[PDB]
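Colleague: experimental coordinates for this protein are included below, preceded by the sequence.
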Amino acid sequence: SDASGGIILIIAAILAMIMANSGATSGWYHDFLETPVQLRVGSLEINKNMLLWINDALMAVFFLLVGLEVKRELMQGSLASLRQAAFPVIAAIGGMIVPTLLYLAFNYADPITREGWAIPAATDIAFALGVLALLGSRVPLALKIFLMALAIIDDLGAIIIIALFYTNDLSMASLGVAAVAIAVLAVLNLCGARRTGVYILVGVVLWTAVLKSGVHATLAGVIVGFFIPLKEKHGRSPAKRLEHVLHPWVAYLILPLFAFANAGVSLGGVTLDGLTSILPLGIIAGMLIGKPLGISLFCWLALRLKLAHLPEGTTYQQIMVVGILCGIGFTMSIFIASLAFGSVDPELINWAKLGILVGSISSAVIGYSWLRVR
Amino acid sequence: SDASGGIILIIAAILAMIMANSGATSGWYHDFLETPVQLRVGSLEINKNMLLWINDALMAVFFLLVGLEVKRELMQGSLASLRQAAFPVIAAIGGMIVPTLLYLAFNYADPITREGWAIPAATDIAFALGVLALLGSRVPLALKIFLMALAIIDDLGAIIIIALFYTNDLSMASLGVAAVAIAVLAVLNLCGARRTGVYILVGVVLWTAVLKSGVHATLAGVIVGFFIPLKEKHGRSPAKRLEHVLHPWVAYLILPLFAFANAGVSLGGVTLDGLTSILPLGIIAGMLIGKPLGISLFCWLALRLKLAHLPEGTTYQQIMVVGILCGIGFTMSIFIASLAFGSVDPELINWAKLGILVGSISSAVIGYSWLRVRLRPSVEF
């Protein structure tokens, strides 16, 4: 059903552009998005934008799904054996190094915009598999597995690194409750409980605990995902089931809603044709050249260094085209930018949005054409 | 599994007495329970206690289940055919008039305390089916059906009436969003979507909408339940499945938690032996005498007026004892009181807590004893 998810996501995003551009609505849009939301429990005060609660919740859910999927892969999929997994793993850590270094060389010594290094290293899984299904039955399953693997390794990678990078903000209290929640998840797993709702509840406790950090509130859902039992011991599996239940939500609701909230950027406000500012052009360079070159190069080096490829997908032609398709960070990149530029500046977020819009919509159209003939 | 639900409920409530009495903890308990919680969306300012967000959530869920159940009954159970349902229904509207009138005649003309009329008219379904399950295989299923139907008709009844009674507080915006949400549930049913999470979501939107009224945020879950598709048309059913998923939660988590939060009352603070104040004794009389007499009398009158009884349960002996067992309002009576007195007084709530604690723990024990000697004994050899 990843065909309809793509079109509903693109309808949502385009509708968001229309929302944030046309004058009659583009005021309501922003006054809604930038509206202060704050909760007070006695002396406890948490305050964020509408956009920050929306983002933290939606990405919590999304990365709950990603957690489930990456576990499934790590134990029962393309990421289980050290043999099969080598090719996507190498293709990923090479598909992040090149985009980052091509954006950092393009962003030499700017302590503000340095921090957005993990922006080109994103890949909107939904939009990648969204354009990949537009080709239809001509598309092999090794390809869809490979791409859906790359997206996750890279995105979870970026989230993890950025999580380890900004720690200056988390209180000892929140860290304590976080630790005890994660502990409860662990003990609950090793004592083996089928009932998945409990894992979700404890999970929400963890989320609430680490709420003052978008990357940690996101990483919460991943922790929860990792800690839901997989084994078919029950006769049925709870993680597989929950993933199955999630997939249509996060595809028809969560992602299109996030896109509707975070992909809107004003062009009717300002569109200076000089998209050469180090964020737009550094990002575009990091995505349109960084992704395919990284993937392809590290795949040459992969093949040389004894490590073979994923069966019946032409390694020279199709793999590199997928490498281009990874150059559409669309939604995921928007989030990363909304993590690296949310606290620093309202206008760096928008030029990043523009830069990744250009870098995404182009690489999806460009990547499409080189693939419709293969 | 209502045998372990009962004991976990009583362990919860007893632990709540312990919590609310011993000096070393009963302060933390109250500063936790009365802690202000408020949410601000630009100009939107919504504030309650800990206890009110807790109560509204828990009762929303509980009555989501109750809604599902009362629907299933209303179309496929003992409330479906106008024939069968006659006996429980008649047994109910009398088991509510008598408690109320026994409490209002005992609370004549005190505008503060009048409003707590529907307090004896409650029955803690979990506690009743809890004590009833202590008697074991001696207990016929017609009896548990009967009681679980009585509790529901009386409680949903009181919640409906009380919902109609206080309307003064609802802003027009909240009612607008409410109505449009309800309408979404309707159209969603009539276009038939098996996916049940959607109904739940729109339900939450409705809940948030009417949140400034515990009775309406409670009745919201009942609306949601009433609007989830029932037919086995899918091959499977969404309502039955959901209800089945709820049954453990609402019995192991929701109810015991609610008890732990709302059943705690101080005795080591004050226990003036004169529980003769019109609330304690009014409620006591409304539950201990109002419930059994109402049920039994309306059942005499039911049997006379052509309307028979539910099969193989001794209508004279057991029905009336179930009538007493309806007289344990514990958890539900606490909620109704916490609705009728919360805004007006924090100490009328506590004397109601006392009065219904007395009225409950007495009729539970009294009702037990007249029932252990009306069941036929499972012999062993």
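Modeller: Structure received. Numbers count the residues shown, from 1 in each chain, chains lettered A, B, ... in the order given.
Colleague: look up how far residue A:256 lies from the residue in the stretch 201-350 of chain A that chain B sits nearest to.
Modeller: Taking CB to the nearest CB, chain B has its nearest neighbour within the stretch 201-350 of chain A at residue A:249, 7.1 Å off. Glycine gets a C-beta too; all of them are placed from N, C-alpha and C. Distance check for residue A:249 against residue A:256: by CB to CB, to the nearest Å, it reads 11 Å.
Colleague: so between the two, which is more surrounded?
Modeller: Taking neighbours as other CB atoms under 10 Å in any protein chain shown, residue A:249 and residue A:256 compare with residue A:256 leading, 24 against 17.
Colleague: returning to that earlier point: shouldn't the residue of the stretch 201-350 of chain A closest to chain B be in contact with residue A:61?
Modeller: Yes: proximity of residue A:249 to residue A:61 meets the contact threshold set by CB atoms under 8 Å, at 7.3 Å.
Colleague: quick one on the thing from earlier: report all helices and strands that whichever strand or helix holds the residue of the stretch 201-350 of chain A closest to chain B contacts.
Modeller: Using DSSP states H and E, residue A:249 sits within helix A:238-249. Counting by 3 or more CB pairs under 8 Å, 6 or more residues apart in numbering or on different chains; DSSP states H and E, the packing neighbours recorded for helix A:238-249 are helix A:50-76, helix A:196-209.
Colleague: buried ones in the following helix or strand past the first one?
Modeller: Sequence-wise, the next helix or strand downstream of helix A:50-76 (DSSP H and E) is helix A:86-104. The neighbour-count criterion (16 or more other CB atoms under 10 Å in any protein chain shown) identifies A:87-92, A:94-96, A:98-100, A:102-104 as the buried residues of helix A:86-104.
Colleague: and helix A:86-104, how far out from the chain middle?
Modeller: 15 Å (CA atoms, centre = their mean, to the nearest Å).
Colleague: what angle do helix A:238-249 and the helix or strand hosting residue A:215 make with each other?
Modeller: Secondary structure assigned from DSSP H and E places residue A:215 in helix A:214-226. Counting by axes from the mean of the first three to the mean of the last three CA atoms, to 10 degrees, helix A:214-226 lies at 130 degrees to helix A:238-249.
Colleague: so what's the closest residue to residue A:256 other than its chain neighbours up against?
Modeller: Closest residue to residue A:256 apart from its sequence neighbours, by CB to CB, 6 or more residues apart in numbering or on different chains: residue A:12 at 3.6 Å. Applying CB atoms under 8 Å, 6 or more residues apart in numbering or on different chains, we find residue A:12 in contact with A:255-257, A:259-260, A:263.
Colleague: for those residues, which entry has the maximal number of neighbours?
Modeller: Busiest of these [other CB under 10 Å] is residue A:255, holding 28 neighbours.
Colleague: excluding sequence neighbours, find me the nearest residue to residue A:203.
Modeller: residue A:224 is the one closest to residue A:203 (CB to CB, 6+ apart), at 3.6 Å.
Colleague: what of residue A:73?
Modeller: residue A:79 (3.8 Å).
Colleague: any idea which element the residue sitting nearest the centre point of chain A lies in?
Modeller: The residue lying closest to the centre of chain A (CA atoms, centre = their mean) is residue A:332, at 3.7 Å. Here residue A:332, judged by DSSP H and E, is contained in helix A:330-340.
Colleague: same for that helix, what does it pack against?
Modeller: Using 3+ CB pairs under 8 Å, 6+ apart: helix A:330-340 touches helix A:2-21, helix A:50-76, helix A:125-132, helix A:141-165, helix A:214-226, helix A:255-262, helix A:346-369.
Colleague: swap in 6 Å and give it another go.
Modeller: Here helix A:330-340 touches helix A:346-369, going by 3 or more CB pairs under 6 Å, 6 or more residues apart in numbering or on different chains; DSSP states H and E.
Colleague: flag every buried residue along the helix it packs on.
Modeller: For helix A:346-369, by 16+ other CB under 10 Å, it's A:348-360, A:363-364, A:366-368.
Colleague: same check on stretch A:29-36?
Modeller: A:29, A:33.
Colleague: and for that stretch, what are the contacting residues?
Modeller: A:19-20, A:49-51, B:42 (CB atoms under 6 Å, 6 or more residues apart in numbering or on different chains).
Colleague: CA atoms only: put that stretch into PDB for me.
Modeller: C-alpha atoms of stretch A:29-36 as PDB (Å, rounded to 0.1, in the frame of the first residue of the first chain):
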ATOM      1  CA  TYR A  29      -1.500  28.600   9.200                       C
ATOM      2  CA  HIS A  30       1.400  30.300  11.000                       C
ATOM      3  CA  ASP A  31      -0.600  31.600  14.000                       C
ATOM      4  CA  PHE A  32      -1.800  28.100  14.400                       C
ATOM      5  CA  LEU A  33       1.600  26.500  14.000                       C
ATOM      6  CA  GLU A  34       3.500  28.900  16.200                       C
ATOM      7  CA  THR A  35       0.800  29.000  18.900                       C
ATOM      8  CA  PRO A  36       2.200  28.600  22.400                       C
END
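Colleague: pretty sure residue A:37 sits in a strand.
Modeller: Yes: Residue A:37: assigned to a strand according to DSSP: H, G, I helix; E, B strand; the rest coil.
Colleague: got the residues of chain A near chain B?
Modeller: Neighbours of chain B within chain A, by CB under 6 Å from any CB of the partner chain: A:35-42.
Colleague: residue A:297: neighbouring residues, count only.
Modeller: 17.
Colleague: apart from its neighbours in sequence, what residue is nearest it?
Modeller: For residue A:297, the spatially nearest residue (CB to CB, 6+ apart) is residue A:94, at 6.4 Å.
Colleague: surely the one you found is in contact with residue A:294?
Modeller: Yes: between residue A:94 and residue A:294 a contact is recorded at 4.8 Å, counting by CB atoms under 6 Å.
Colleague: number of nearby residues for residue A:254?
Modeller: Using other CB under 10 Å, the number of residues around residue A:254 comes to 20.
Colleague: distance-wise, check the closest residue to residue A:340 other than its chain neighbours relative to chain B.
Modeller: Closest residue to residue A:340 apart from its sequence neighbours, by CB to CB, 6+ apart: residue A:116 at 4.1 Å. To chain B, residue A:116 is 29 Å away according to CB to the nearest CB, to the nearest Å.
Colleague: any idea which element residue A:40 lies in?
Modeller: strand A:36-41.
Colleague: repeat that for residue A:275.
Modeller: Using DSSP H and E, no helix or strand contains residue A:275.
Colleague: likewise the one 4 residues further on?
Modeller: Residue A:279 is located in helix A:278-288, with elements delineated by DSSP H and E.
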